[PDB]
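For this one, two forms of the same chain are given in structure tokens, first as structure 1 and then as structure 2.
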Structure 1
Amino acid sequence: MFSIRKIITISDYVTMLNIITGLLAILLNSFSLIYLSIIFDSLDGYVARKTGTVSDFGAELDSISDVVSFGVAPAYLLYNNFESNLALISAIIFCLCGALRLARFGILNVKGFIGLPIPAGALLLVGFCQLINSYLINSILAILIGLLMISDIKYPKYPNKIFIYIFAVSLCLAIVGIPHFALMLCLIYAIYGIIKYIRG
């Protein structure tokens, strides 16, 4: 009675490690594990394509992992660490905005992103929460990120190898308590998207 076992691919195990790291970010109150979740979220689609184990089941599991790691966990990390009515409302809006763009992304098959992608949104909020000691500013930022995530601002999907290279390293630095470089790279990505949008 565990016929589900015949649908699991090797890339699905990468996705489950992502679900584990995203859940443990909440359970253990760990910003560090958010950064690791971004790494696994990049690794699981890569493994699927390289091993030839792409599947509809895995595509769904990948999105479900995003809910955990990048919708719920950052909203929890905001409220847990900046406990306040404003952080409560903002965590709600953040999580809701993550949910809405994942549902839109789930019915879309376009080559870029429409709105800021949810791992970028999660990175911004978590980096802000670690380096800004103000519940008010961080609660404002959560809303701004939420609005960016459900927006029509176009964002590119494939950073070239140079950007991958230095972003990968910045994420591991963030895992070990130095998130500045990852947050700065992620801000440049987000802000450039907005400027292009306003400029036309």
Structure 2
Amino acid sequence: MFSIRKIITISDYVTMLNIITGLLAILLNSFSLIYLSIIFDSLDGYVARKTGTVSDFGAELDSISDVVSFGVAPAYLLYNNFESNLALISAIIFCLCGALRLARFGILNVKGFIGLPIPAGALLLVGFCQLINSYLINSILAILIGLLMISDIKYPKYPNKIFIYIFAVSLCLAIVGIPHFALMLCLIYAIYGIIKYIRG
């Protein structure tokens, strides 16, 4: 008897792949698997709305996967690959800002985002932890990226299919070892949110 098998759907199958990849990045110390987790997290919602398998269980499961993949894993990667007392303070602040902004997203039903979304925060931190070899610098970004995440800066979701693929190609290049394009499209998407907010 496992009645939980009744509410599991095809979209939840992709979400569990997103959980596995996020937890595997923690266990295997892989920055690359975080890039695979962004591909999954940007797809399972599209997969849900395509097969009609949208559910509150899948929505809750969608954010549980964000916790593992884009909240704990990037904080772990930052500390495990930059062992310091500065980085430990920053990994905590980064993870707490992820939990807080995911608790806000859980009670909201808006098209866009309130504050920088947690996948864009992970891609920034992880991509910065892959290109910069600095305990001090990467710790300041994590705190900066964290404060962006619990802010009121509105960000657009526009999950139109071409936008996902364009984002995903850079993630495919990021997985194989060139995150410069994944990081370029993220820093542009980040400051774009700033300007549209400061402009009004």
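Superpose the two forms; the largest set of C-alphas matching within 1.5 Å is the rigid core. Just so we're on the same page, residue numbers count up from 1 along structure 1's sequence. Shifts are known only where both forms have a C-alpha.
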Residue among 166, 144, 136, 54 whose Cα moves 2 Å or more between the two structures, once the rigid core is superposed:
166
So, with the core fitted, how far does residue 177 move at its Cα between the two structures, in angstrom?
0.8
With both forms fitted on the core, how large is the C-alpha shift of residue 195 between the two structures in Å?
2.2
With the core superposed, could you pull out the runs of three or more residues whose CA atoms all shift by at least 2 Å between the two structures?
159-166, 195-200
